[PDB]
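Working notes for the structure below.
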Amino acid sequence: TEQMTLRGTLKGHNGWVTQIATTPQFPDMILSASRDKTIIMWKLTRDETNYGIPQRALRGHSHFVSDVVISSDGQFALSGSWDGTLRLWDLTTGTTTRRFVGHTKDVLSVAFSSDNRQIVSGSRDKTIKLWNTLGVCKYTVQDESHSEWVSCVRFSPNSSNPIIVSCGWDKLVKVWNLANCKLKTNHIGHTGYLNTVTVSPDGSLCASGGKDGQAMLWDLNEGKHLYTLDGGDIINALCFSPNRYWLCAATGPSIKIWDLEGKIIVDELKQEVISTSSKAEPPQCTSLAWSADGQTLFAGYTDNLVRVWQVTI
Amino acid sequence: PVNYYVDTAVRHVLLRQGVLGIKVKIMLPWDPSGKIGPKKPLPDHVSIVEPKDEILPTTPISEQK
């Protein structure tokens with residue numbers, strides 16, 4: 001039966017792992033961000049003595065790098081940072097193409113479109129904003145926006161239509177359609193602020209979570225509240241699987257991998273159980289991302305490590 | 001704060017027997033706003049200016065716009 005083994009663990013950071021992402025073009029790369037103010041591009045050897053080595057280290061920020069995302073070609077890479085700026089990397093030696101100037105506060109969330117021509121940003125400005133790849137502002141959203149910090153935005157894969165998700169700490173999830181830039185809907189739910197949201201690879205769903213730590217499911221186009229599940233104390237990051245209908249929820253002491261059909265927990269990932277006391281005996285898990293193979297998944301922790309796992313039958 | 005939030009004056013006044021010294025020291029009150037003249041923070045104990053809001057009535061629903 002499909003179950004999990006502890007694969008290995010990476011090392012090479014002085015700051016807490018904030019995000020991880022992986023391009024399906026090169027699954028032999030993997031990319032990471034951290035509060036050591038650098039994004040590290042790795043070189044994955046599949047030896048079990050290690051599991052990878054840092055290839056290069058991209059440098060140049062004056063505050064944390066919150067979120068990071070790959071290009072659809074894997075030849076570019078983009079970052080959002082708490083210095084209020086973004087950078088557009090050339091992931092071959094270094095040498096930033098462009099830095100995006102204009103925010104008054106942190107840039108928390110960021111995402112990179114499928115056509116590689118639209119780039120969004122969530123900010124503690126309380127503004128979602130759109131960005132040309134030339135590094136200028138196609139649009140700015142300041143009407144019908146969140147009344148609190150913007151937690152996470154997403155581009156939605158679709159048949160062709162433009163839809164983007166937005167969720168803030170005002171305990172609401174707003175869906176936006178481009179070329180009118182209007183509220184498609186407002187979804188109400190979750191007591192306490194929202195941390196994260198993520199969209200299905202098919203794109204008709206929004207799995208949302210927050211302080212509540214409950215996983216509520218919404219319909220993108222039907223606009224209906226499907227159901228709610230108790231996901232534990234707090235869920236900081238979510239990521240669907242590419243080759244299954246699972247959903248992997250990142251809670252503090254454990255990662256909870258959920259089968260969706262039927263609705264049940266498959267397993268709970270436990271890491272090293274080393275004796276420590278008392279407030280967070282293991283480090284909290286904060287980010288996670290699947291590989292495109294779907295065999296292996298990765299995790300971000302606050303001990304500066306990325307723990308690897310692998311599915312075993 | 002002594003440079004901002006107080007003004008001080010000295011004036012000598014004569015009489016038929018010697019001199020008398022007058023001194024007046026007065027403390028400026030503005031902290032909410034305006035002119036703006038003296039700066040908005042409080043001088044001696046620098047206070048934390050604290051607004052308040054706190055409500056929730058949320059329940060799950062979908063409301064289409």
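Every chain in the structure tokens takes a letter, A first, then B, and so on in the order presented; its residues are numbered from 1, and the ligands are numbered from 1 following the presented order.
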
Should the cut-off be 9 Å, what would the residue list for chain A against chain B look like, counting only C-alpha atoms, as a PDB file with N, CA, C and O atoms, in the first residue's frame?
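Contents of out-v1.pdb, freshly written:
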```pdb
ATOM      1  N   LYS A 171     -10.272  37.467   6.536  1.00  0.00           N
ATOM      2  CA  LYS A 171     -11.001  36.216   6.545  1.00  0.00           C
ATOM      3  C   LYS A 171     -11.994  36.105   5.420  1.00  0.00           C
ATOM      4  O   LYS A 171     -13.183  35.851   5.621  1.00  0.00           O
ATOM      5  N   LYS A 182     -12.949  42.871 -11.464  1.00  0.00           N
ATOM      6  CA  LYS A 182     -14.039  42.902 -10.527  1.00  0.00           C
ATOM      7  C   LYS A 182     -13.954  41.699  -9.643  1.00  0.00           C
ATOM      8  O   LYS A 182     -13.330  40.702  -9.999  1.00  0.00           O
ATOM      9  N   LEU A 183     -14.641  41.764  -8.478  1.00  0.00           N
ATOM     10  CA  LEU A 183     -15.026  40.633  -7.664  1.00  0.00           C
ATOM     11  C   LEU A 183     -15.877  39.663  -8.447  1.00  0.00           C
ATOM     12  O   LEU A 183     -16.994  39.994  -8.838  1.00  0.00           O
ATOM     13  N   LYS A 184     -15.349  38.451  -8.732  1.00  0.00           N
ATOM     14  CA  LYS A 184     -16.129  37.336  -9.219  1.00  0.00           C
ATOM     15  C   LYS A 184     -17.043  36.809  -8.138  1.00  0.00           C
ATOM     16  O   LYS A 184     -18.149  36.360  -8.429  1.00  0.00           O
ATOM     17  N   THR A 185     -16.595  36.887  -6.857  1.00  0.00           N
ATOM     18  CA  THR A 185     -17.328  36.364  -5.731  1.00  0.00           C
ATOM     19  C   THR A 185     -16.559  36.768  -4.498  1.00  0.00           C
ATOM     20  O   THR A 185     -15.425  37.242  -4.578  1.00  0.00           O
ATOM     21  N   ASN A 186     -17.199  36.589  -3.319  1.00  0.00           N
ATOM     22  CA  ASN A 186     -16.625  36.710  -2.007  1.00  0.00           C
ATOM     23  C   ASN A 186     -17.042  35.462  -1.297  1.00  0.00           C
ATOM     24  O   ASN A 186     -18.226  35.130  -1.264  1.00  0.00           O
ATOM     25  N   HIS A 187     -16.077  34.763  -0.682  1.00  0.00           N
ATOM     26  CA  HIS A 187     -16.313  33.561   0.066  1.00  0.00           C
ATOM     27  C   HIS A 187     -16.016  33.945   1.476  1.00  0.00           C
ATOM     28  O   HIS A 187     -15.012  34.604   1.744  1.00  0.00           O
ATOM     29  N   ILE A 188     -16.918  33.563   2.402  1.00  0.00           N
ATOM     30  CA  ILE A 188     -16.854  33.928   3.795  1.00  0.00           C
ATOM     31  C   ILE A 188     -16.672  32.602   4.466  1.00  0.00           C
ATOM     32  O   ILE A 188     -17.188  31.599   3.985  1.00  0.00           O
ATOM     33  N   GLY A 189     -15.903  32.550   5.573  1.00  0.00           N
ATOM     34  CA  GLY A 189     -15.589  31.305   6.219  1.00  0.00           C
ATOM     35  C   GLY A 189     -14.254  31.480   6.854  1.00  0.00           C
ATOM     36  O   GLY A 189     -13.515  32.403   6.513  1.00  0.00           O
ATOM     37  N   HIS A 190     -13.962  30.589   7.835  1.00  0.00           N
ATOM     38  CA  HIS A 190     -12.754  30.520   8.631  1.00  0.00           C
ATOM     39  C   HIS A 190     -12.760  31.603   9.668  1.00  0.00           C
ATOM     40  O   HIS A 190     -12.874  32.786   9.353  1.00  0.00           O
ATOM     41  N   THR A 191     -12.680  31.201  10.956  1.00  0.00           N
ATOM     42  CA  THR A 191     -12.486  32.119  12.046  1.00  0.00           C
ATOM     43  C   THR A 191     -11.007  32.249  12.273  1.00  0.00           C
ATOM     44  O   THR A 191     -10.303  31.260  12.471  1.00  0.00           O
ATOM     45  N   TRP A 218     -14.043  25.326  -1.844  1.00  0.00           N
ATOM     46  CA  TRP A 218     -14.880  26.264  -2.536  1.00  0.00           C
ATOM     47  C   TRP A 218     -14.884  25.839  -3.966  1.00  0.00           C
ATOM     48  O   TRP A 218     -13.984  25.127  -4.413  1.00  0.00           O
ATOM     49  N   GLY A 223     -19.489  28.457  -7.372  1.00  0.00           N
ATOM     50  CA  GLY A 223     -19.618  29.360  -6.255  1.00  0.00           C
ATOM     51  C   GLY A 223     -20.418  28.744  -5.149  1.00  0.00           C
ATOM     52  O   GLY A 223     -21.466  29.274  -4.783  1.00  0.00           O
ATOM     53  N   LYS A 224     -19.948  27.596  -4.609  1.00  0.00           N
ATOM     54  CA  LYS A 224     -20.654  26.868  -3.582  1.00  0.00           C
ATOM     55  C   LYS A 224     -19.642  26.419  -2.573  1.00  0.00           C
ATOM     56  O   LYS A 224     -18.493  26.129  -2.904  1.00  0.00           O
ATOM     57  N   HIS A 225     -20.080  26.358  -1.291  1.00  0.00           N
ATOM     58  CA  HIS A 225     -19.312  25.894  -0.166  1.00  0.00           C
ATOM     59  C   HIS A 225     -19.503  24.409  -0.033  1.00  0.00           C
ATOM     60  O   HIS A 225     -20.507  23.969   0.529  1.00  0.00           O
TER      61      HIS A 225
END
```

Compare A:286, A:156, A:271, A:243 by their minimum atom-to-atom distance to residue 220 in chain A, counting only C-alpha atoms, and give me the closest one. A:156

Need the shell around residue 23 in chain B: protein/DNA/RNA residues with any atom at most 10 Å away, counting only C-alpha atoms. Skip same-chain ones fewer than 4 positions apart. Format as a PyMOL selection string? chain B and resi 8-12

Dump as a compact mmCIF listing (two decimals), in the first residue's frame, selection limited to C-alpha atoms:
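Writing the result to selection.txt gives the following:
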```txt
# COMPACT_ATOMS: atom_id res chain seq x y z
CA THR B 8 10.99 79.71 28.97
CA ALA B 9 11.47 83.44 29.43
CA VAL B 10 13.42 85.67 31.83
CA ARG B 11 12.78 89.35 32.57
CA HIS B 12 14.34 91.63 35.17
```

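Residues in contact range of residue 77 in chain A, defined as at most 9 Å between only C-alpha atoms, with sequence neighbours fewer than 5 positions away removed, read residues 68, 69, 70, 71, 87, 88, 89, 90, 91 and 112 of chain A.
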
Sel. of alpha helix (DSSP H) residues, chain B, as an MDAnalysis selection string: chainID B and resid 2:5

In Å, with one decimal, what is the gap from CA of residue 59 in chain A to CA of residue 94 in chain A? 8.3 Å

Quick one: everything within 8 Å of residue 22 in chain A, counting only C-alpha atoms, minus sequence neighbours fewer than 5 positions away in the same chain. Send it as a VMD selection string. chain A and resid 27 29 to 31 69 to 70 289 to 292

Store the residues picked out above in a file with N, CA and C atoms, as a compact mmCIF listing (two decimals), in the first residue's frame.
```txt
# COMPACT_ATOMS: atom_id res chain seq x y z
N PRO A 27 13.15 18.41 -12.96
CA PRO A 27 12.88 17.92 -11.62
C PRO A 27 14.17 17.60 -10.90
N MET A 29 16.56 19.90 -10.68
CA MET A 29 16.75 21.08 -9.87
C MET A 29 15.71 21.06 -8.79
N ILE A 30 15.84 22.02 -7.84
CA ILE A 30 14.86 22.33 -6.85
C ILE A 30 15.34 23.64 -6.31
N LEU A 31 14.41 24.51 -5.86
CA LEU A 31 14.69 25.89 -5.56
C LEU A 31 14.09 26.12 -4.20
N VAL A 69 9.14 31.46 -6.96
CA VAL A 69 8.43 30.64 -7.89
C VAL A 69 9.31 30.56 -9.10
N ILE A 70 9.22 29.43 -9.82
CA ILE A 70 9.96 29.11 -11.01
C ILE A 70 9.24 29.62 -12.23
N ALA A 289 6.04 21.28 -0.96
CA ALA A 289 5.80 21.26 -2.37
C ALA A 289 6.11 19.88 -2.86
N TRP A 290 5.29 19.39 -3.82
CA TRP A 290 5.47 18.12 -4.47
C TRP A 290 6.44 18.25 -5.60
N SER A 291 7.12 17.13 -5.94
CA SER A 291 7.85 16.96 -7.17
C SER A 291 6.85 16.56 -8.22
N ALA A 292 7.22 16.70 -9.52
CA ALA A 292 6.33 16.46 -10.63
C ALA A 292 6.19 14.98 -10.89
```

Spatial neighbours of residue 38 in chain A, 12 Å, only C-alpha atoms, chain gap at least 2 places, as number ranges by chain: A: 12-19, 31-36, 40-41, 54, 56-68, 79-81, 87, 94
